[PDB]
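Just the one chain here, laid out as structure tokens, in the form deposited in one PDB entry.
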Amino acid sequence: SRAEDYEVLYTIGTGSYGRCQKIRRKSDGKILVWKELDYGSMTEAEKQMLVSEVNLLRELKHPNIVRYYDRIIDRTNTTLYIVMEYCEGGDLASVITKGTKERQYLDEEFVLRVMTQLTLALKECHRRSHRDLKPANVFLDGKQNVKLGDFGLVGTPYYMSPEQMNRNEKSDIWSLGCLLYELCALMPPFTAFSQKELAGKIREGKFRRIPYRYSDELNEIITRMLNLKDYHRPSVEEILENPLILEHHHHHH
């Protein structure tokens, strides 16, 4: 459990937060990644909070939750390393953006994967009661698995549920609703330039149908998650009972 145990291959992302690197475990050669965080400029409280958060990541083990492996302390450089599984496919935001650029929609089969495995991510999270559902916090591994990251655990809040927007597990369904709709449409269900305009549209509750390449069945379910009334949204359970969702849409080792 020392930085010396891993070798850095190269950097994937920079912050902000700090830095994310693809690394290799020396004992076996397993490819992982770790988040870098320089805690040198933090008070004692912030550091007790940070330690508080990290103890959480150690608790969740689930095939659709980005897997925590290790936490490494380097008091020399005041650097904290959080080591996790490598998700070779990246985040969903990039996939959506890529989709926007080369003007190519994604396959319904892919949406069904994301819909299925993330609904199971939720179901796990609600049970342990968190993480927030947005493209940036959703990762893909090398095996068509879909994993939820730790974000949440200036910009327009596109995914804000009608009830929040105000003063609930059903609020999460809405957010998931917005995420799949964006995966299909390559754009959020409600767009605007100001939050106030946004708010006005969300209270109206209208949006385009997702593209016609997507089945009425898919459209209907996403549409149901975007229902203005929280109690009309399908629960995690009604989502999974849907005829669209099959075994091969689940995670695989």
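For every residue, the number given is its place in the sequence shown, counted from 1. Only the largest set of C-alpha atoms that superpose within 1.5 Å between the two forms is called the rigid core.
Although it is not shown, the form deposited in another entry is what the next lines describe.
The residue that stands out in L228, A192, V54, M187 is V54, the single one whose Cα moves by 2 angstroms or more between this form and the one not shown on a rigid core fit. Once the cores line up, the CA of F207 ends up less than 2 angstroms apart between this form and the one not shown. Core-superposed comparison between this form and the one not shown: CA of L240 displaced by less than 2 Å. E217 shows a C-alpha shift below 2 Å between this form and the one not shown [criterion: core-superposed Cα displacement of 2 Å].
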